Amino acid sequence: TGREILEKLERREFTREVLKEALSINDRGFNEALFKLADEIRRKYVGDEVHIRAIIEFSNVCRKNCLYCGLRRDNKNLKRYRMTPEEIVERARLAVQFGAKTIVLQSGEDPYXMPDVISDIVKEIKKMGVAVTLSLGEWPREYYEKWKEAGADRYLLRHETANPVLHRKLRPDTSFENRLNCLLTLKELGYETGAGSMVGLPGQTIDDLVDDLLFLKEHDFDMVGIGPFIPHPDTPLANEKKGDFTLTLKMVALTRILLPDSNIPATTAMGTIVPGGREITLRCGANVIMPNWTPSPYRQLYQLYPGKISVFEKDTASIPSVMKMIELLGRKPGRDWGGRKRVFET
Ligand SMILES: C[C@H](CCC(=O)NCCC[N+](C)(C)CCCS(=O)(=O)[O-])[C@H]1CC[C@H]2[C@@H]3[C@H](O)C[C@@H]4C[C@H](O)CC[C@]4(C)[C@H]3C[C@H](O)[C@]12C
Ligand SMILES: C[C@H](CCC(=O)NCCC[N+](C)(C)CCCS(=O)(=O)[O-])[C@H]1CC[C@H]2[C@@H]3[C@H](O)C[C@@H]4C[C@H](O)CC[C@]4(C)[C@H]3C[C@H](O)[C@]12C
Ligand SMILES: Nc1ncnc2c1ncn2[C@@H]1O[C@H](C[Se]C[C@H](N)C(=O)O)[C@@H](O)[C@H]1O
Ligand code: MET
Ligand code: SF4
Ligand SMILES: [Cl-]
Ligand SMILES: [Cl-]
């Protein structure tokens with residue numbers, strides 16, 4: 001019954017059958033209790049601080065062709081852009097002036113920058129006394145090594161799906177094995193490492209979602225980014241169903257229960273499929289928010305999926321808006337870089 005699943009989650013009996021049953025029960029009472037449990041674990045382990053990561057999406061050029069993504073190379077109905085190094089550095093400086101304590105640099109897999117222009121940008125931003133997170137895709141070990149020597153602190157590389165068959169179908173340039181090898185290299189090089197997955201991919205099953213949770217737990221990732229699949233009209237998956245908000249929220253809540261000391265964002269995709277979805281997610285296990293800091297006129301050209309919020313407002317609105325959010329939630333802004341603070345247990 002739901003009570004018995006909750007009890008097993010509370011005593012840390014994280015078996016495959018317990019996770020499947022949590023994801024399969026659709027009862028409102030059960031779901032609300034699950035969300036309350038995750039919220040309480042979050043508060044006890046990571047407290048009330050919500051860490052702000054300012055994201056600059058500096059290029060929408062990509063060499064890969066992932067079937068879900070609006071930036072895929074085969075999409076000709078997109079104006080491509082690249083920010084200059086100076087633009088990136090100065091836009092980072094503006095975010096630090098606005099109180100950001102981590103800068104995230106994200107792009108398509110755009111060969112132009114790689115590896116040396118990224119290194120040069122990283123060194124300049126590190127002088128500002130903030131954490132730097134990279135989210136640039138799959139590259140050789142040597143590139144990751146260079147970026148770590150340049151001063152990068154963290155790397156986000158969602159595993160997308162832990163089903164190797166599904167992974168290869170959706171990401172035909174590469175494989176799950178390659179994705180995992182990148183994540184293991186990043187861990188070995190001393191990055192704080194983020195993984196995570198989409199929920200509601202075409203062909204993805206409940207057992208696949210269980211395998212995503214067990215994967216995350218196995219590798220003890222420092223950050224876990226989860227959101228729904230949202231179909232993009234200029235992709236092969238244009239006519240597929242969007243991922244379910246509630247199911248995706250349950251994946252966030254279980255991630256917190258499994259990895260109680262991790263850093264878990266309330267992703268912009270969650271706020272795209274449901275109005276107020278980030279705020280809900282911050283009350284169901286999440287403790288990080290990533291306001292968009294990409295400048296106009298580029299911001300509106302980086303749409304992995306459609307409907308992305310934060311496009312019509314001034315490009316400096318997002319940091320103040322998340323600071324208001326944090327206050328109205330009865331939470332506090334992060335006081336330091338918000339690195340992982342491990343609580344060793346049994
Ligand atoms: C805000 C709404 C509706 C509350 C409501 O409107 N309930 C009636 C009035 C109650 N009051 C005490 C204000 C007055 C009672 C006297 S009265 O005379 O009105 O009957 C309630 C109903 C269900 C609640 C969520 C669930 O828990 C799951 C989850 C637990 C986490 O931990 C925090 C996040 C989350 C999503 C919760 C948020 C919020 O909390 C919800 C939406
Ligand atoms: C950038 C400009 C010009 C001056 C400047 O270049 N200022 C650098 C500050 C650098 N820090 C953020 C590291 C200071 C931390 C001080 S603190 O005492 O908060 O630790 C300054 C002048 C007024 C400042 C805003 C207001 O204040 C209100 C508000 C406070 C929140 O809090 C952060 C967000 C917000 C919107 C502020 C953003 C930014 O900052 C503004 C625009
Ligand atoms: N089509 C679509 N739907 C949702 N999520 C997508 C899609 N394409 C790519 N992605 C995901 O974005 C991450 C990068 Se971080 C995303 C932000 N946190 C956000 O929510 O906007 C990719 O790794 C992929 O999972
Ligand atoms: C824009 S998608 C996120 C960054 C990188 N292209 C990746 O797929 O991991
Ligand atoms: S998900 Fe990342 S690698 Fe794949 S097409 Fe989009 S931008 Fe390129
Ligand atoms: Cl980060
Ligand atoms: Cl993320």
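Along the sequence shown, the residues carry numbers beginning at 1. Note that these values count all heavy atoms, side chains included, but never hydrogens, waters or copies made by symmetry. Note that ligands are numbered from 1 as they come in the structure, with each ligand's atoms numbered from 1 the same way.
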Heavy-atom nearest neighbour in the protein, as seen from [atom], with distance rounded to 0.1 Å:
atom	answer
atom 23 (C) of ligand 1	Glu32 OE2, 4.2 Å
atom 29 (C) of ligand 1	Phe35 CB, 3.8 Å
atom 3 (S) of ligand 5	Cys62 SG, 3.7 Å
atom 32 (O) of ligand 1	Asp39 OD2, 2.8 Å
atom 33 (C) of ligand 1	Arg283 O, 3.4 Å
atom 6 (Fe) of ligand 5	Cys69 SG, 2.3 Å
atom 4 (Fe) of ligand 5	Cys66 SG, 2.4 Å
atom 35 (C) of ligand 1	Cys284 SG, 4.5 Å

Cationic N near anionic O, under 4.0 Å, [X] to [Y]:
X	Y	result
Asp173	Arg72	no
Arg141	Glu188	yes
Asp153	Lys126	yes
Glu40	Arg43	no
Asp110	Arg80	no

Exercise. Do you know which of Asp222, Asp336, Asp261 makes salt bridge (charged side-chain N to carboxylate O under 4.0 Å, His left out) with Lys341?
Worked result: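 Option passing the salt bridge (charged side-chain N to carboxylate O under 4.0 Å, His left out) with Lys341: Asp336.
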
Problem set entry | For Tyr68, atoms of ligand 5 separated by under 4.0 Å from a heavy atom |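 Here the atoms of ligand 5 in question are 1 (S).
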
For this session: Below 4.0 angstrom from a heavy atom of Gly108, which ligand 5 atoms are there? Numbered from 1 as shown, please.
Result: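 Checking each atom against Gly108, I get 7 (S).
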
For this session: For the residue pair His219 and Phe221, categorise the inter-ring angle as parallel (less than 30°), tilted (30 to 60°) or perpendicular (more than 60°).
Result: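 If you compare the ring of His219 with that of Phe221, the planes turn out tilted.
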
Exercise. Relative to the ring of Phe215, is the ring of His159 parallel (under 30°), tilted (30 to 60°) or perpendicular (over 60°)?
Worked result: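 Taking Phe215 first and then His159, their aromatic rings sit tilted (interplane angle of 30° to 60°).
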
Problem set entry | Per-atom contacts, ligand 1 versus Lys36 - under 4.0 Å to a heavy atom |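 So the answer, numbered in order with elements, is 30 (C), 32 (O).
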
